[PDB]
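Asker: Contents of run.tsv (TSV, C-alpha atoms and all ligand atoms):
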```tsv
chain	number	residue	atom	x	y	z
A	2	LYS	CA	-40.62	80.07	57.54
A	3	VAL	CA	-39.11	83.44	56.67
A	4	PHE	CA	-40.23	83.44	53.02
A	5	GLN	CA	-43.21	82.14	51.09
A	6	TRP	CA	-40.77	80.04	49.03
A	7	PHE	CA	-37.21	78.87	49.63
A	8	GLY	CA	-35.63	76.08	47.65
A	9	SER	CA	-33.37	74.90	44.85
A	10	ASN	CA	-33.10	74.44	41.13
A	11	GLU	CA	-33.03	70.77	40.07
A	12	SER	CA	-30.91	70.85	36.94
A	13	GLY	CA	-30.09	68.12	34.44
A	14	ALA	CA	-32.90	67.76	31.92
A	15	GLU	CA	-31.51	70.75	29.99
A	16	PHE	CA	-27.93	69.43	29.93
A	17	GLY	CA	-25.99	68.80	26.74
A	18	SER	CA	-28.16	71.28	24.86
A	19	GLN	CA	-26.16	70.99	21.63
A	20	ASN	CA	-27.52	67.44	21.22
A	21	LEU	CA	-31.18	67.68	20.10
A	22	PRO	CA	-33.18	65.55	20.74
A	23	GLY	CA	-30.28	64.02	22.69
A	24	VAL	CA	-30.48	60.79	24.64
A	25	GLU	CA	-31.70	60.44	28.22
A	26	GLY	CA	-28.96	59.04	30.42
A	27	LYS	CA	-26.25	60.19	28.00
A	28	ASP	CA	-26.82	63.88	27.18
A	29	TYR	CA	-29.24	64.79	29.97
A	30	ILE	CA	-30.90	63.35	33.08
A	31	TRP	CA	-33.90	64.13	35.27
A	32	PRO	CA	-33.76	64.99	39.00
A	33	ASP	CA	-33.56	62.26	41.61
A	34	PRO	CA	-36.75	62.15	43.73
A	35	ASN	CA	-34.83	60.64	46.65
A	36	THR	CA	-32.48	63.60	46.96
A	37	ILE	CA	-35.38	66.01	46.43
A	38	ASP	CA	-36.94	64.29	49.47
A	39	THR	CA	-33.77	65.03	51.45
A	40	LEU	CA	-33.89	68.72	50.55
A	41	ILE	CA	-37.59	68.75	51.45
A	42	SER	CA	-36.69	67.32	54.87
A	43	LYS	CA	-34.19	70.18	55.33
A	44	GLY	CA	-37.09	72.63	54.90
A	45	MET	CA	-37.04	73.59	51.20
A	46	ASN	CA	-40.49	73.95	49.64
A	47	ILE	CA	-39.90	74.92	45.99
A	48	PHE	CA	-37.96	73.13	43.27
A	49	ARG	CA	-37.37	74.63	39.82
A	50	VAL	CA	-36.98	72.10	37.00
A	51	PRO	CA	-35.20	73.30	33.83
A	52	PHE	CA	-36.02	71.47	30.61
A	53	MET	CA	-35.56	72.16	26.89
A	54	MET	CA	-38.54	73.30	24.80
A	55	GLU	CA	-37.17	71.38	21.80
A	56	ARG	CA	-37.02	68.14	23.81
A	57	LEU	CA	-40.54	68.52	25.23
A	58	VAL	CA	-42.17	69.69	21.96
A	59	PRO	CA	-39.86	68.94	19.01
A	60	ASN	CA	-39.63	70.54	15.56
A	61	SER	CA	-42.45	73.07	16.05
A	62	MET	CA	-43.56	74.50	19.38
A	63	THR	CA	-47.18	74.26	18.21
A	64	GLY	CA	-46.88	70.47	17.82
A	65	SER	CA	-47.47	67.46	20.05
A	66	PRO	CA	-45.18	66.67	23.00
A	67	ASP	CA	-42.49	64.04	22.91
A	68	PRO	CA	-44.00	61.15	24.91
A	69	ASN	CA	-40.84	60.02	26.77
A	70	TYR	CA	-39.51	63.47	27.69
A	71	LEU	CA	-42.99	64.62	28.76
A	72	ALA	CA	-43.52	61.47	30.85
A	73	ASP	CA	-40.32	62.23	32.79
A	74	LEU	CA	-41.27	65.89	33.30
A	75	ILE	CA	-44.62	64.66	34.65
A	76	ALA	CA	-42.91	62.16	36.95
A	77	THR	CA	-40.56	64.83	38.29
A	78	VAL	CA	-43.32	67.37	38.90
A	79	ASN	CA	-45.47	64.81	40.69
A	80	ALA	CA	-42.54	63.64	42.83
A	81	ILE	CA	-42.22	67.21	44.11
A	82	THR	CA	-45.87	68.16	44.48
A	83	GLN	CA	-47.09	64.87	45.99
A	84	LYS	CA	-45.05	65.83	49.09
A	85	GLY	CA	-46.60	69.32	49.32
A	86	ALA	CA	-43.75	71.32	47.74
A	87	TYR	CA	-44.00	73.58	44.68
A	88	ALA	CA	-42.55	72.52	41.31
A	89	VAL	CA	-41.54	75.27	38.87
A	90	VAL	CA	-41.86	74.14	35.24
A	91	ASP	CA	-38.98	76.02	33.52
A	92	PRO	CA	-38.51	75.95	29.72
A	93	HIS	CA	-34.87	76.83	30.03
A	94	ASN	CA	-34.71	78.42	26.61
A	95	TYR	CA	-33.47	82.04	26.73
A	96	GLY	CA	-36.40	83.25	24.60
A	97	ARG	CA	-35.17	81.03	21.75
A	98	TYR	CA	-36.33	77.87	19.99
A	99	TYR	CA	-33.87	75.93	17.81
A	100	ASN	CA	-31.52	78.84	18.57
A	101	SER	CA	-33.75	81.45	16.88
A	102	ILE	CA	-35.54	84.16	18.85
A	103	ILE	CA	-39.19	83.24	19.46
A	104	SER	CA	-40.86	86.00	17.45
A	105	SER	CA	-44.40	84.54	17.33
A	106	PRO	CA	-46.48	85.26	20.47
A	107	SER	CA	-49.25	83.13	18.97
A	108	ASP	CA	-46.92	80.14	18.56
A	109	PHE	CA	-45.64	80.64	22.13
A	110	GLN	CA	-49.20	80.80	23.46
A	111	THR	CA	-49.99	77.46	21.81
A	112	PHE	CA	-46.87	75.91	23.38
A	113	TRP	CA	-48.00	77.17	26.77
A	114	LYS	CA	-51.57	75.92	26.40
A	115	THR	CA	-50.08	72.52	25.54
A	116	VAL	CA	-47.83	72.54	28.63
A	117	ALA	CA	-50.39	74.02	31.04
A	118	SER	CA	-52.97	71.42	29.97
A	119	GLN	CA	-50.75	68.68	31.45
A	120	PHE	CA	-50.74	70.34	34.89
A	121	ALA	CA	-53.95	72.40	34.99
A	122	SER	CA	-55.40	70.67	38.08
A	123	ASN	CA	-52.19	70.86	40.14
A	124	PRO	CA	-52.13	74.00	42.33
A	125	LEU	CA	-48.53	73.37	43.42
A	126	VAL	CA	-47.17	73.68	39.86
A	127	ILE	CA	-45.66	77.07	39.02
A	128	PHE	CA	-45.30	77.98	35.36
A	129	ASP	CA	-42.12	79.89	34.40
A	130	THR	CA	-42.59	81.55	31.02
A	131	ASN	CA	-38.94	81.15	29.89
A	132	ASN	CA	-35.48	81.21	31.49
A	133	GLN	CA	-33.38	84.38	31.04
A	134	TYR	CA	-34.63	86.28	28.01
A	135	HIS	CA	-31.66	88.23	26.64
A	136	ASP	CA	-30.37	90.17	23.63
A	137	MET	CA	-33.81	90.53	22.07
A	138	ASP	CA	-36.50	93.17	21.53
A	139	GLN	CA	-37.89	94.58	24.79
A	140	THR	CA	-41.49	94.78	23.54
A	141	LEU	CA	-41.23	91.20	22.29
A	142	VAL	CA	-40.18	90.04	25.79
A	143	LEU	CA	-43.28	91.71	27.24
A	144	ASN	CA	-45.54	90.19	24.59
A	145	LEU	CA	-44.06	86.69	25.01
A	146	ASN	CA	-44.69	86.79	28.75
A	147	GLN	CA	-48.26	87.95	28.12
A	148	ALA	CA	-48.84	85.24	25.50
A	149	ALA	CA	-47.63	82.61	27.97
A	150	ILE	CA	-50.05	83.88	30.63
A	151	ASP	CA	-52.91	83.86	28.12
A	152	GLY	CA	-52.11	80.32	27.01
A	153	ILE	CA	-51.78	79.00	30.58
A	154	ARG	CA	-55.06	80.51	31.77
A	155	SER	CA	-56.84	79.41	28.56
A	156	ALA	CA	-56.03	75.79	29.50
A	157	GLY	CA	-57.96	76.19	32.76
A	158	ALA	CA	-54.74	76.34	34.78
A	159	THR	CA	-56.01	79.19	36.96
A	160	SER	CA	-54.83	78.31	40.49
A	161	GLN	CA	-51.10	78.38	39.70
A	162	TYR	CA	-48.58	81.16	40.12
A	163	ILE	CA	-46.85	82.29	36.93
A	164	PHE	CA	-43.19	83.31	37.13
A	165	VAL	CA	-42.51	85.95	34.45
A	166	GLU	CA	-38.93	86.74	33.43
A	167	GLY	CA	-37.36	89.86	31.97
A	168	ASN	CA	-34.60	90.81	29.54
A	169	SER	CA	-30.89	91.12	30.44
A	170	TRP	CA	-30.91	87.48	31.59
A	171	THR	CA	-33.69	88.53	34.06
A	172	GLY	CA	-30.95	90.00	36.27
A	173	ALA	CA	-32.10	91.87	39.35
A	174	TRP	CA	-29.21	94.32	39.18
A	175	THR	CA	-30.11	95.33	35.60
A	176	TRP	CA	-33.89	95.20	36.01
A	177	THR	CA	-34.78	98.89	36.26
A	178	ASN	CA	-32.40	99.77	33.43
A	179	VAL	CA	-34.25	97.69	30.81
A	180	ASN	CA	-37.42	95.93	32.11
A	181	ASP	CA	-39.79	98.72	33.20
A	182	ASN	CA	-42.31	97.80	30.48
A	183	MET	CA	-42.88	94.45	32.26
A	184	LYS	CA	-45.11	96.29	34.75
A	185	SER	CA	-48.04	96.13	32.29
A	186	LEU	CA	-48.46	92.35	32.32
A	187	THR	CA	-52.00	91.24	33.21
A	188	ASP	CA	-53.31	87.97	34.69
A	189	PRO	CA	-56.99	87.25	35.44
A	190	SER	CA	-55.84	85.11	38.39
A	191	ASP	CA	-53.65	87.96	39.77
A	192	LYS	CA	-50.79	85.52	40.43
A	193	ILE	CA	-47.85	86.99	38.49
A	194	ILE	CA	-44.51	86.83	40.29
A	195	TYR	CA	-41.54	88.69	38.76
A	196	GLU	CA	-38.67	86.21	38.74
A	197	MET	CA	-35.23	87.79	38.80
A	198	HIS	CA	-31.79	86.17	39.04
A	199	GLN	CA	-28.76	87.44	40.90
A	200	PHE	CA	-25.24	86.12	40.93
A	201	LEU	CA	-22.40	87.57	42.93
A	202	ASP	CA	-19.27	87.40	40.77
A	203	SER	CA	-17.92	90.49	39.05
A	204	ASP	CA	-19.89	90.21	35.79
A	205	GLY	CA	-22.97	88.57	37.36
A	206	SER	CA	-22.63	85.52	35.10
A	207	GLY	CA	-22.53	83.05	37.98
A	208	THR	CA	-19.48	81.23	36.64
A	209	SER	CA	-16.87	82.13	39.31
A	210	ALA	CA	-16.82	81.01	42.93
A	211	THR	CA	-15.43	84.43	43.88
A	212	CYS	CA	-17.84	87.11	45.09
A	213	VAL	CA	-17.13	90.81	44.52
A	214	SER	CA	-17.55	91.75	48.19
A	215	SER	CA	-19.35	90.75	51.35
A	216	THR	CA	-22.22	93.14	50.44
A	217	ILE	CA	-22.56	92.66	46.68
A	218	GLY	CA	-25.80	90.66	46.77
A	219	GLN	CA	-27.75	93.06	48.95
A	220	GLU	CA	-26.39	95.93	46.84
A	221	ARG	CA	-27.45	94.29	43.58
A	222	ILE	CA	-31.12	93.87	44.54
A	223	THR	CA	-31.95	97.24	46.11
A	224	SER	CA	-33.20	99.03	42.99
A	225	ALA	CA	-35.20	95.96	41.92
A	226	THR	CA	-36.81	95.93	45.38
A	227	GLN	CA	-37.92	99.54	45.04
A	228	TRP	CA	-39.19	98.85	41.49
A	229	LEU	CA	-41.38	96.01	42.72
A	230	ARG	CA	-42.72	98.18	45.56
A	231	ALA	CA	-43.33	101.29	43.43
A	232	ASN	CA	-45.30	99.23	40.91
A	233	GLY	CA	-47.26	97.09	43.39
A	234	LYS	CA	-45.61	93.84	42.21
A	235	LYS	CA	-44.22	90.71	43.86
A	236	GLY	CA	-40.87	89.11	43.03
A	237	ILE	CA	-38.76	86.02	43.59
A	238	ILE	CA	-35.05	85.35	43.16
A	239	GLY	CA	-35.24	82.29	40.89
A	240	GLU	CA	-31.48	81.69	40.70
A	241	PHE	CA	-28.66	82.75	43.05
A	242	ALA	CA	-25.37	81.25	44.17
A	243	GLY	CA	-21.95	82.01	45.60
A	244	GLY	CA	-18.81	80.01	46.21
A	245	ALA	CA	-18.02	78.08	49.40
A	246	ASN	CA	-15.87	80.81	50.94
A	247	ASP	CA	-16.12	83.43	53.66
A	248	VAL	CA	-16.79	86.48	51.47
A	249	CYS	CA	-19.55	84.70	49.53
A	250	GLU	CA	-21.09	83.29	52.72
A	251	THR	CA	-21.45	86.82	54.07
A	252	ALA	CA	-22.77	88.12	50.74
A	253	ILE	CA	-25.41	85.38	50.63
A	254	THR	CA	-26.68	85.98	54.15
A	255	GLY	CA	-26.62	89.76	53.72
A	256	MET	CA	-28.74	89.49	50.60
A	257	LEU	CA	-31.25	87.11	52.19
A	258	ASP	CA	-31.37	89.21	55.37
A	259	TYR	CA	-32.28	92.23	53.23
A	260	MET	CA	-34.96	90.28	51.38
A	261	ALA	CA	-36.31	89.14	54.75
A	262	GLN	CA	-36.94	92.78	55.72
A	263	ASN	CA	-38.68	93.39	52.41
A	264	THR	CA	-41.19	90.56	52.18
A	265	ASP	CA	-43.92	92.96	51.09
A	266	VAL	CA	-42.34	92.40	47.66
A	267	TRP	CA	-39.96	89.40	48.01
A	268	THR	CA	-41.62	85.97	48.06
A	269	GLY	CA	-38.31	84.10	48.48
A	270	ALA	CA	-35.33	82.61	46.70
A	271	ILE	CA	-34.15	79.55	44.78
A	272	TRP	CA	-30.53	78.34	44.84
A	273	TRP	CA	-28.67	77.42	41.63
A	274	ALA	CA	-28.40	74.45	41.66
A	275	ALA	CA	-28.97	70.84	42.69
A	276	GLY	CA	-29.34	67.88	40.32
A	277	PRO	CA	-27.67	64.49	39.90
A	278	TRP	CA	-24.96	65.25	37.29
A	279	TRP	CA	-23.15	68.21	38.88
A	280	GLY	CA	-20.24	66.31	40.45
A	281	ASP	CA	-17.71	68.76	41.85
A	282	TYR	CA	-19.58	71.85	40.55
A	283	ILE	CA	-18.77	74.89	42.68
A	284	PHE	CA	-22.49	75.54	43.40
A	285	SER	CA	-23.83	71.97	43.71
A	286	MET	CA	-26.66	71.73	46.24
A	287	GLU	CA	-27.13	67.99	45.52
A	288	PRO	CA	-27.20	65.74	48.61
A	289	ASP	CA	-25.16	64.35	50.06
A	290	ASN	CA	-21.80	65.52	48.74
A	291	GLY	CA	-22.35	68.66	46.64
A	292	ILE	CA	-20.08	71.48	47.76
A	293	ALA	CA	-22.95	73.88	48.42
A	294	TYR	CA	-24.97	71.14	50.11
A	295	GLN	CA	-22.08	70.56	52.54
A	296	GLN	CA	-20.75	74.09	53.00
A	297	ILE	CA	-23.52	76.58	52.11
A	298	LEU	CA	-26.69	74.86	53.31
A	299	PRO	CA	-25.69	75.30	57.01
A	300	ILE	CA	-25.84	79.09	56.57
A	301	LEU	CA	-29.29	78.88	54.94
A	302	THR	CA	-30.76	77.25	58.08
A	303	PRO	CA	-32.41	80.47	59.42
A	304	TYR	CA	-34.45	80.75	56.21
A	305	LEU	CA	-35.75	77.16	56.25
B	1	LIG	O1	-23.11	58.35	32.98
B	1	LIG	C1	-22.49	59.61	32.92
B	1	LIG	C2	-22.77	60.22	31.56
B	1	LIG	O2	-22.14	61.48	31.50
B	1	LIG	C3	-22.29	62.17	30.27
B	1	LIG	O3	-21.59	63.43	30.26
B	1	LIG	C4	-22.17	64.37	31.14
B	1	LIG	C5	-21.12	64.85	32.13
B	1	LIG	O4	-20.86	63.78	33.01
B	1	LIG	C6	-21.52	66.12	32.89
B	1	LIG	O5	-20.37	66.60	33.56
B	1	LIG	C7	-22.04	67.16	31.90
B	1	LIG	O6	-22.49	68.29	32.66
B	1	LIG	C8	-22.43	69.50	31.94
B	1	LIG	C9	-23.70	69.76	31.12
B	1	LIG	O7	-23.67	68.99	29.93
B	1	LIG	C10	-23.88	71.23	30.79
B	1	LIG	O8	-25.11	71.37	30.11
B	1	LIG	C11	-23.83	72.03	32.09
B	1	LIG	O9	-24.08	73.40	31.75
B	1	LIG	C12	-24.26	74.14	32.93
B	1	LIG	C13	-23.10	75.12	33.12
B	1	LIG	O10	-21.97	74.38	33.52
B	1	LIG	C14	-23.45	76.18	34.15
B	1	LIG	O11	-22.39	77.11	34.14
B	1	LIG	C15	-24.76	76.81	33.69
B	1	LIG	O12	-25.11	77.84	34.53
B	1	LIG	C16	-25.75	78.62	33.55
B	1	LIG	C17	-27.22	78.59	33.98
B	1	LIG	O13	-27.96	77.79	33.07
B	1	LIG	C18	-27.71	80.03	34.06
B	1	LIG	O14	-29.10	79.97	34.31
B	1	LIG	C19	-26.95	80.76	35.17
B	1	LIG	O15	-26.85	82.10	34.84
B	1	LIG	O16	-25.65	80.27	35.42
B	1	LIG	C20	-24.91	79.57	34.43
B	1	LIG	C21	-24.15	80.60	33.61
B	1	LIG	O17	-23.26	79.97	32.73
B	1	LIG	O18	-25.77	75.83	33.73
B	1	LIG	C22	-25.60	74.86	32.73
B	1	LIG	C23	-26.80	73.93	32.82
B	1	LIG	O19	-27.99	74.67	32.62
B	1	LIG	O20	-22.56	71.85	32.66
B	1	LIG	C24	-22.31	70.52	33.07
B	1	LIG	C25	-20.92	70.45	33.67
B	1	LIG	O21	-21.00	71.07	34.93
B	1	LIG	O22	-23.08	66.56	31.18
B	1	LIG	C26	-22.68	65.55	30.30
B	1	LIG	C27	-23.87	65.24	29.42
B	1	LIG	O23	-24.25	66.40	28.69
B	1	LIG	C28	-21.70	61.32	29.14
B	1	LIG	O24	-21.88	61.91	27.88
B	1	LIG	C29	-22.39	59.96	29.09
B	1	LIG	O25	-21.80	59.11	28.13
B	1	LIG	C30	-22.28	59.28	30.45
B	1	LIG	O26	-23.05	58.11	30.49
```
Using structure tokens, write down the structure that the file contains.

Answerer:
Amino acid sequence: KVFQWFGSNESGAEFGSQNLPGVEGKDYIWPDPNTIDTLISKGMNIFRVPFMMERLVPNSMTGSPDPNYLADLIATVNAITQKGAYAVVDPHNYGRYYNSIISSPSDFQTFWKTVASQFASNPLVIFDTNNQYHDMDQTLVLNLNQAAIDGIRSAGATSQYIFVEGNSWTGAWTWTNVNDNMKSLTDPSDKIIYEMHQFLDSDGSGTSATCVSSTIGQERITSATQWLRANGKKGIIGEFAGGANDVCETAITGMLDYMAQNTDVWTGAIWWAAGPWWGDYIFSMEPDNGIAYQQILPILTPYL
């Protein structure tokens, strides 16, 4: 394979986020192991699983898990790792809990000890401290990532990689402008990976199928690449997408071709997104009829 990791997000458990706790099968749904198997057979080896902190550990993040939501997270993780692929456990929470900024590193560390304890023996689990920190204090983002690492390792989960995320929605293109302080994170296992996201539409929000230009992806990750190299760090693109059109196709392959010549720092890339409730979503990687599964996956072949 070209990269250490190449795969897809498996979205759904974080859906309908305005309904807390919400109802499984009505507001949210978990990934389908059968279609995960199909993506595994195509050569993908990493699957990132968004979920809501409030659904896994309700009311207070220092409390006990919700049995039913945890049982389905466990089932999803095991469905991925039993085959030999990596499962990224992603509290898809934007640095916020019940829509308030998480300002207690100690509370966050307890949450992460609770979560890591469920997976501590599984070396194919990857812990992702939180999805897309944004519009919050830059020192707090550093300290939350460090508290997560401390909680994870305190649970005896020492074999696993930890994906840390930065401010500005962990964007690659904005990384050096705001996230330099993230270089000081420490891990006794030395398995920190800096997870950045990069979309290709004009404002980088990943909501339009139109890409700025055929080179916009490779352009948007060059300064992040040099930041990783200058600081002796490793990175991954944890979310990326583009529409099913010629300009985006070229932007996607140009970005991945650049990463492929910079694997001293880039460990790989994760598409946004697959999952069973995307329907006609412009970026759906869900077999067998998602638009990206049909029209984008053929151009990802050389990286599988
Ligand atoms: O039996 C069917 C069942 O359906 C229930 O209703 C479903 C409905 O069928 C679905 O269409 C709907 O799906 C929406 C989700 O609720 C919503 O959470 C999801 O949000 C997406 C968003 O569309 C997408 O843009 C977003 O990308 C953000 C990422 O999170 C960022 O990381 C990245 O930067 O890019 C974008 C930036 O915006 O992701 C979120 C998900 O994280 O959109 C779905 C529509 O595409 O779900 C309904 C349930 O909530 C019905 O209620 C039941 O009765 C019925 O049984």

Asker: List as number ranges by chain the protein and nucleic acid residues lying within 7 Å of ligand LIG 1 (chain B), with all atoms listed in the file counted.

Answerer: A: 12-13, 15-18, 26-29, 133, 206-208, 278-280, 282

Asker: Return as JSON lines the residues of stretch 207-235 of chain A lying at most 9 Å from stretch 264-275 of chain A, together with the closest atom-to-atom pair for each and the distance in Å to one decimal, counting only C-alpha atoms, with rows in chain order and ascending residue number.

Answerer:
```
{"residue": "A:226", "atom": "CA", "partner": "A:266", "partner_atom": "CA", "distance": 6.9}
{"residue": "A:227", "atom": "CA", "partner": "A:266", "partner_atom": "CA", "distance": 8.8}
{"residue": "A:229", "atom": "CA", "partner": "A:266", "partner_atom": "CA", "distance": 6.2}
{"residue": "A:230", "atom": "CA", "partner": "A:266", "partner_atom": "CA", "distance": 6.2}
{"residue": "A:233", "atom": "CA", "partner": "A:266", "partner_atom": "CA", "distance": 8.0}
{"residue": "A:234", "atom": "CA", "partner": "A:266", "partner_atom": "CA", "distance": 6.5}
{"residue": "A:235", "atom": "CA", "partner": "A:266", "partner_atom": "CA", "distance": 4.6}
```

Asker: State, in Å with one decimal place, the distance from atom CA of residue A:145 to atom CA of residue A:109.

Answerer: 6.9 Å

Asker: Residues near residue A:36, anyone? I mean within 12 Å using all atoms listed in the file, not counting same-chain ones fewer than 6 positions away, as a list in words.

Answerer: residues 9, 11, 42, 43, 45, 48, 77, 80, 81, 275, 276, 277, 286, 287, 288, 289, 290, 291 and 294 of chain A

Asker: Suppose you want the space between atom CA of residue A:25 and atom CA of residue A:240; what is it in Å?

Answerer: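 These two atoms are separated by 24.6 Å.
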
Asker: Take every atom of stretch 156-162 of chain A listed in the file, pad by 5 Å on each side, and give me the axis-aligned box centre and edge lengths in Å, one decimal, as lines of an AutoDock Vina configuration file.

Answerer:
```
center_x = -53.3
center_y = 78.5
center_z = 35.0
size_x = 19.4
size_y = 15.4
size_z = 21.0
```

Asker: Please indicate the distance in Å from atom CA of residue A:127 to atom CA of residue A:237, rounded to one decimal place.

Answerer: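 Computed distance, atom CA of residue A:127 to atom CA of residue A:237, equals 12.2 Å.
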
Asker: Pick the closest to residue A:7 from A:86, A:72, A:56, A:293: which is it, counting all atoms listed in the file?

Answerer: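 Of A:86, A:72, A:56, A:293, the one nearest residue A:7, counting all atoms listed in the file, is A:86.
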
Asker: Report as a PyMOL selection string all protein, DNA and RNA residues lying within 10 Å of stretch 147-159 of chain A, evaluated on all atoms listed in the file, omitting residues in the same chain fewer than 4 positions from it.

Answerer: chain A and resi 105-124+126+128-131+141-143+163-165+183+185-193

Asker: Enumerate, as a PyMOL selection string, the protein, DNA and RNA residues whose atoms approach (-43.7, 64.3, 35.3) to within 12 Å, taking into account only C-alpha atoms and the coordinate frame of the file.

Answerer: chain A and resi 14+31-32+34+50+52+57+68-83+88-90+116+119-120+123+126

Asker: Write a file of the just-selected residues containing C-alpha atoms, as a short mmCIF file (atom, residue, chain, number, x, y, z; two decimals), keeping the file's coordinate frame.

Answerer:
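What landed in part.cif:
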```
data_model
loop_
_atom_site.label_atom_id
_atom_site.label_comp_id
_atom_site.auth_asym_id
_atom_site.auth_seq_id
_atom_site.Cartn_x
_atom_site.Cartn_y
_atom_site.Cartn_z
CA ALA A 14 -32.90 67.76 31.92
CA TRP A 31 -33.90 64.13 35.27
CA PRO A 32 -33.76 64.99 39.00
CA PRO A 34 -36.75 62.15 43.73
CA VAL A 50 -36.98 72.10 37.00
CA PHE A 52 -36.02 71.47 30.61
CA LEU A 57 -40.54 68.52 25.23
CA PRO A 68 -44.00 61.15 24.91
CA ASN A 69 -40.84 60.02 26.77
CA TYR A 70 -39.51 63.47 27.69
CA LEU A 71 -42.99 64.62 28.76
CA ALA A 72 -43.52 61.47 30.85
CA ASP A 73 -40.32 62.23 32.79
CA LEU A 74 -41.27 65.89 33.30
CA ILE A 75 -44.62 64.66 34.65
CA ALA A 76 -42.91 62.16 36.95
CA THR A 77 -40.56 64.83 38.29
CA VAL A 78 -43.32 67.37 38.90
CA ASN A 79 -45.47 64.81 40.69
CA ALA A 80 -42.54 63.64 42.83
CA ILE A 81 -42.22 67.21 44.11
CA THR A 82 -45.87 68.16 44.48
CA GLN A 83 -47.09 64.87 45.99
CA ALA A 88 -42.55 72.52 41.31
CA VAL A 89 -41.54 75.27 38.87
CA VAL A 90 -41.86 74.14 35.24
CA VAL A 116 -47.83 72.54 28.63
CA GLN A 119 -50.75 68.68 31.45
CA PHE A 120 -50.74 70.34 34.89
CA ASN A 123 -52.19 70.86 40.14
CA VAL A 126 -47.17 73.68 39.86
#
```

Asker: Have a look at A:3, A:213, A:292, A:125 and name the one nearest to residue A:257; count only C-alpha atoms.

Answerer: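 The closest residue to residue A:257 is A:3.
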
Asker: Considering all atoms listed in the file, can you say which of A:177, A:194, A:182, A:211 comes closest to residue A:283?

Answerer: A:211

Asker: Do you know which residues are at most 10 Å from residue A:181 counting all atoms listed in the file, after dropping those on the same chain fewer than 6 positions away, and could you put them as a list in words?

Answerer: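 Result of the neighbour search: residues 139, 143, 167, 228 and 232 of chain A.
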
Asker: Excluding same-chain residues fewer than 3 positions from residue A:251, what lies within 8 Å of it counting only C-alpha atoms, as a VMD selection string?

Answerer: chain A and resid 215 to 216 247 to 248 254 to 255

Asker: Could those residues be written to a file, using C-alpha atoms, as a short mmCIF file (atom, residue, chain, number, x, y, z; two decimals), in the frame of the given file?

Answerer:
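So the final result, stored in again-v3.cif, reads:
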```cif
data_model
loop_
_atom_site.label_atom_id
_atom_site.label_comp_id
_atom_site.auth_asym_id
_atom_site.auth_seq_id
_atom_site.Cartn_x
_atom_site.Cartn_y
_atom_site.Cartn_z
CA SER A 215 -19.35 90.75 51.35
CA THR A 216 -22.22 93.14 50.44
CA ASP A 247 -16.12 83.43 53.66
CA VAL A 248 -16.79 86.48 51.47
CA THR A 254 -26.68 85.98 54.15
CA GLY A 255 -26.62 89.76 53.72
#
```

Asker: Considering only C-alpha atoms, return as a CSV table (one decimal) with C-alpha atoms, keeping the file's coordinate frame whatever protein or nucleic-acid residues lie within 6 Å of residue A:238, sequence-local ones (same chain, fewer than 6 positions apart) excluded.

Answerer:
```
chain,number,residue,atom,x,y,z
A,196,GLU,CA,-38.7,86.2,38.7
A,197,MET,CA,-35.2,87.8,38.8
A,198,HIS,CA,-31.8,86.2,39.0
A,270,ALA,CA,-35.3,82.6,46.7
```
